[PDB]
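Pasting in a structure now, in structure tokens, and then I'll have a few things to ask.
Which chain is which? They are A, B, C, D, E and F, in the order written, and residues in each are numbered from 1.
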Amino acid sequence: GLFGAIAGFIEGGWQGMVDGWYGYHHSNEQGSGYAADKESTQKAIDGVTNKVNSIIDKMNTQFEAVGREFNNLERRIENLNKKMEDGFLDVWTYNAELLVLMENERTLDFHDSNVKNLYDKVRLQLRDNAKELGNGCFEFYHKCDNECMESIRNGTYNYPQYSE
Amino acid sequence: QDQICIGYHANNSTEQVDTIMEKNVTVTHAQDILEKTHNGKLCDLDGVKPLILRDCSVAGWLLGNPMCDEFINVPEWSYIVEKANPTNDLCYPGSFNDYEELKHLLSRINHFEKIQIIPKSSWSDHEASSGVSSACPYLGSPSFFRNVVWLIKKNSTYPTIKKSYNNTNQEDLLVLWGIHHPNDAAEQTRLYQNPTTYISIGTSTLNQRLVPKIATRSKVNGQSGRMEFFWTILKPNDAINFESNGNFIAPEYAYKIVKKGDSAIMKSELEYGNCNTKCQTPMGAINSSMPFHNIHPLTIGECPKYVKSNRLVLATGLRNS
Amino acid sequence: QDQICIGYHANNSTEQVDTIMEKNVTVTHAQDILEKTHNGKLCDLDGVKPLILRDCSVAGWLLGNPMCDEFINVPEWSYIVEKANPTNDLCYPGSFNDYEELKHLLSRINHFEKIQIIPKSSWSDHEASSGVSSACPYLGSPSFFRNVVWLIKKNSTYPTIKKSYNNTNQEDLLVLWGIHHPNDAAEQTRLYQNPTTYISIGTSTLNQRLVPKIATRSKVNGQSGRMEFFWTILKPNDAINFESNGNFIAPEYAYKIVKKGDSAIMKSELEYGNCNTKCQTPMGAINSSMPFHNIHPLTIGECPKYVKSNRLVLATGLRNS
Amino acid sequence: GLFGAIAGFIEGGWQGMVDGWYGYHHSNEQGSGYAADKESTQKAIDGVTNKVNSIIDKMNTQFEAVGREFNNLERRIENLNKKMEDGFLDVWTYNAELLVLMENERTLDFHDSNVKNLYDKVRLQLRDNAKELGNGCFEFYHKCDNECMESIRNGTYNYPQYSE
Amino acid sequence: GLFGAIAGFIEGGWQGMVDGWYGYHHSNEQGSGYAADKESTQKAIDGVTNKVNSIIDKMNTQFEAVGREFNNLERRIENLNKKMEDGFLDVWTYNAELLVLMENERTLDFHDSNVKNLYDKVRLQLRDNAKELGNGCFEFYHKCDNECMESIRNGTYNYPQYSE
Amino acid sequence: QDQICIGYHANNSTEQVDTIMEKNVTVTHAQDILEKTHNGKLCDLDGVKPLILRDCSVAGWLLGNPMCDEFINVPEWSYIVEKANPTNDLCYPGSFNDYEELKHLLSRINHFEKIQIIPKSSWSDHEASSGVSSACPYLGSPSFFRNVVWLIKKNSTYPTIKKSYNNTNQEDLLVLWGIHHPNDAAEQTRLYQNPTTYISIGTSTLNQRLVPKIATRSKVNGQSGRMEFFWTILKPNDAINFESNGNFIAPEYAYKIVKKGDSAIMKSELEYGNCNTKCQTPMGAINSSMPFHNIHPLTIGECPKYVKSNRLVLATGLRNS
């Protein structure tokens, strides 16, 4: 992972999160559960969707082959014709395959990037009030009820609240 | 004690994608963008049926090979299907001038209306019902191309022919005619009396003078003689003029080009299947929303883009384990 | 209390660029690399003016259609402009052999020097001033192509012509000649006496023997007769030999190829505009430092690279909000 | 933002910085002001400039179309000719558009990358002597005059100087 | 460096490490030495090797030119033929050069990425028990013998062991 | 006090790679993927030697120019090498019909077996040993193309020739023949008696009738006369029929096409070098494991992919300083 999040410091994925690609798992007095960060999940959807549509629209005016015929004494132009359509066919096959290979790599690193940025969003809010365990989890130095958790999820965490 | 974790989605998907640095990567979501399926049939294209030449070639069709009577009158078509090697072609051995250029015109034509420009009955001073050969048999009997008439001498006389036809139609006319190349001087006189013959043809654009070529040739379909056919597009209000004192294979039926459009001559051994599609290939039809396909390059209708790949899948989700 | 911040540039720029994942992204700096502007005029190319065939074709020019006298003597040119359908072409109906191959040669030629290889006065035993037609009118009167001379019989006699021309110049010679295809045997004798005629032509490389084709044809520009023109490049120190006993349209003026180079036959309805450029398209000239343009594929001079895009902008700065 | 800086933990850009793309804003006793980090700004200029010139020079030998003509009985080669020039025209239009789309994305992430690297350059010097606010700012635990600030800007910060 | 490691916060490379691309240098009572992290080094090898083979296999069906001849009155098709082979030759020369330029950039940033991820792997294990110097080194707050060092190298560092 | 550091490899390598944003970047490891070296020789291709036409053209070879006797019998070959301008070609001036289409066939042929289909001795009523010219000299003496025989009159008589040859071989036959174009009517009778002559040729597929063209031409190799050669592929079990009453250059030796395959006509001034390779270019051979090369586009054998680049290096290691 280019950004070191997915399969990096965060060992695995969550089978339990079904509402989105990236999100949170919390553990307090009121209970436990998974929650998807809609903002970063939607931004990922809007990205990959555009990427697919852009790959498609760039290859909508490709090169269609037509049929031509040549007699026994036009072998040169017949051959020229054949190599030419095989020619365009090869470069457009190269294009599609290469583009897919390249953007697939980008897509996976895109998701990897999103996960780390989400991690840093929570990390930069908590600061002292919790400690990095090292697996994508922060252990709190105070009590964080659902209201406190949601404040973290929507980037409105009120840091002024002690430790030790 | 309370804690919060950041994580990512994972599921039970074994869908794989490839990258530049690693192949067969398992992801949570993937979109396949390649169609690899056809129905194995030749279908109509948006309601309009293709003209399926079965065991006949374009030549047999247009010249009217007796083995090709299925195509004497042909409705409007979407595309044409012809086999790799049609068995019914030039029943009488010979050649077709600019055959490929003509087949190329057929790619921009959708409908032919067969009309009689010079009736066989109109030949008074020549024999018009003896121009037959065992090389073009119909039901056992010696016959000939149906759209052209092989004229010979009458009462040991072949008067020089002067025939005109004006195209009073609003559509272009595909006009076909031919010359007979005998195999010796005895055959020339026995058929046309005159030992030295010609065929002159003129439009506003055409100016050709044909002469027969005597030559000893190997037998093809039992005949050493040869038929050489020529064609022209007659513009509306233009006229075609024939002059000849022998060896003339005159037109009787010509073709009104009443429908121009997007067509194709498709090569396939397949026959018609009672079906309909928006995209047709020589080996079957495609019904797909896919942007790509790998079935056949030669395509007609609203089709995906052909690619030589056997696999094309786009990652949409993320890694999975 | 003291503090320090790290940040990035931002401004009042609404310039947008596109990415694979997001379109219309506002940036602080962007470079447009696509030229979308021309001046709508046909200009000189680096000082040297184009030859603008107005209502004439290459054929009318080279054969000397009386309607094309503007181009009797033509200075060196950069490129050629011809219309989609020049009205002044073959005034006398007929054809031009290898017309497209000739126009292709014109793309590598910049200057023609017209010279008289066989003077009209030099015909003693033939009529050289009666070869005119109401199909090539000049100022009302029947005239003819100016660079070739339509010879006929004199005192009911057409002696067989044996004419040679040696190319003592150091440049290749474009030589043009033709044959007349009458419409009947009465016209053949009335013009050339001899009922059976030919035209033989020989160089070190050419060996052709032309014969006239009698044919009944529809009238074009009032004439059913036809003129068929031929051409050859005469190498320096080579000679061209003509023999004929009728139907010969002899050369009088030929073309010295004194300037080879990079030219083009441009298709356009536009006329000359008193301007200058380094890059010319059929619809106007380009004055740009841009690497790309989307005006027209057919280009000449030092031009940007043509692309089908309507927008091409490169991000140089960063995101802005 | 792939690197999470621009429009990430740093909310917006500075209208006030005109000397460069990336830089610093300081706040001490002597006053306040903006300053551009010439090194990272120049490196960005040298990068994007090369990128533009490389995109241009890779498409300088493209495919120019010439004019050919064909008579009424050479429709096959005429069509072959037409599809062939339309062919090359399409692949070169694909190339230019795709290259622009791909490198534009790289360019924006390049700038995003530069901002975070600059942030980490200051962050790795200060360490204890200041605290990360979370918006690209560090609040000092000592007094940093213009001389101290410039030391930070040119990577010669003398960490040996206390806290609390 | 897109990830800010190589030539970033880590000033230079190690001439002394010959067993791999990325690794560790340790300094304790028992001695000093270099060691290559085989896991991240192998993963880099497996990546770049695939990349080279993929670049090669995408251009194995390119466009070979054949020889055709044309007489003095077939200049149009001769020219068509020439422009067509020059055509395919140009787009395939563009492809190879561009692909090399693009993937070379990726490769260097790939290595840069690997170095930072390796750094963060050690950083996320040590936490309190050592301090970031700022040059890729951590100064321990305890004694780390070869056994302790190897625990860090193989991601099995037992954090429960004090400080101050 | 104890400490641990994370770092990366570095060495004494000055190998450089290029990126989009920066050129000449020094790396620790780099793989060059471009072959820029050849051996400057024309070699065998996997054991099988090329047919190296030295100062002869395909025409001189096939027609049997006396200056080309080195190639009278030719073993199987891999590829053909011909110079830009072979000096030994048509010793007697004239032309070769469909020359380029024939050379294109040679690209799919690897072996010719020369056989005598009509022996020179078999001409009884014609002169078959006087068909020579100072335009085709052999060792000073006037000679002629060796595979075809220039027949003339015998005892002031040229009886009409009727000759057939059946292809009883299992391979296709390359058959060559020609016509002589005299320079006047006196030469026509002096050589063939009959003032009006023809050559008819027929197979199951061919039907041509040639007539000689009298014409005054400039001297080439001392002759104003012309020889025009024609060819055909004779299918197994098909026959070729000749009829002529003059000006016939009959075949004596024809070519059995016994080996079809992947060949090429390579243009080069280089001669044979006693060497072997798996990849051959016009300027030398390649022995490489490289995927790319920049030597020459026209290639044969198992070769790298040709590219116009002068440098192609892939980064494998990392930055170095």
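One rule holds in what follows: a contact is a pair of C-beta atoms (placed from the backbone, for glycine too) under 8 Å apart; a residue touches a chain by one contact, two chains touch by 3 or more.
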Where subunit A and subunit C overlap in contact partners, by chain label: B, D, E, F
Path length in the contact graph (subunit E to subunit F, fewest steps): 1
Identified repeat of the A-C interface (over half of residue pairs identical), from D-F, E-F or C-E: D-F
Rounded Å distance between subunit A and subunit D, as computed from the means of their C-alpha atoms: 21
Mean-CA-position distance for subunit E and subunit B (Å): 58
Distance from the mean Cα position of subunit F to that of subunit C, given in whole angstrom: 36
Residues within subunit B bordering two or more other chains: 20-21, 100, 104, 308
Subunit D residues counted as touching two or more neighbouring chains: 1, 48, 51, 54-55, 59, 61-62, 66, 68-70, 74, 76-77, 79-80, 84, 90-93, 97, 101-103, 110
Contact graph of the chains (line, ring, star, complete, other): complete
Chains grouped in pairs wherever the two touch, ordered by label: A-B, A-C, A-D, A-E, A-F, B-C, B-D, B-E, B-F, C-D, C-E, C-F, D-E, D-F, E-F
Residue ranges of subunit A in contact with subunit F within the complex: 73-76, 79
Contact footprint of subunit D on subunit F as seen in their complex: 20-23, 308
Residue numbers on subunit F that touch subunit C, as the complex places them: 93-95, 181, 213-220, 224, 226, 228
In the complex with subunit D, residue positions of subunit B that touch it: 98, 100-101, 104-105
Subunit E-touching residues of subunit D, taken from the complex the two chains share: 54, 58-59, 61-63, 66, 68-70, 77, 80-81, 84, 88, 91-92, 95, 99, 102, 109-110, 113, 116-117, 120-121, 124-125, 127
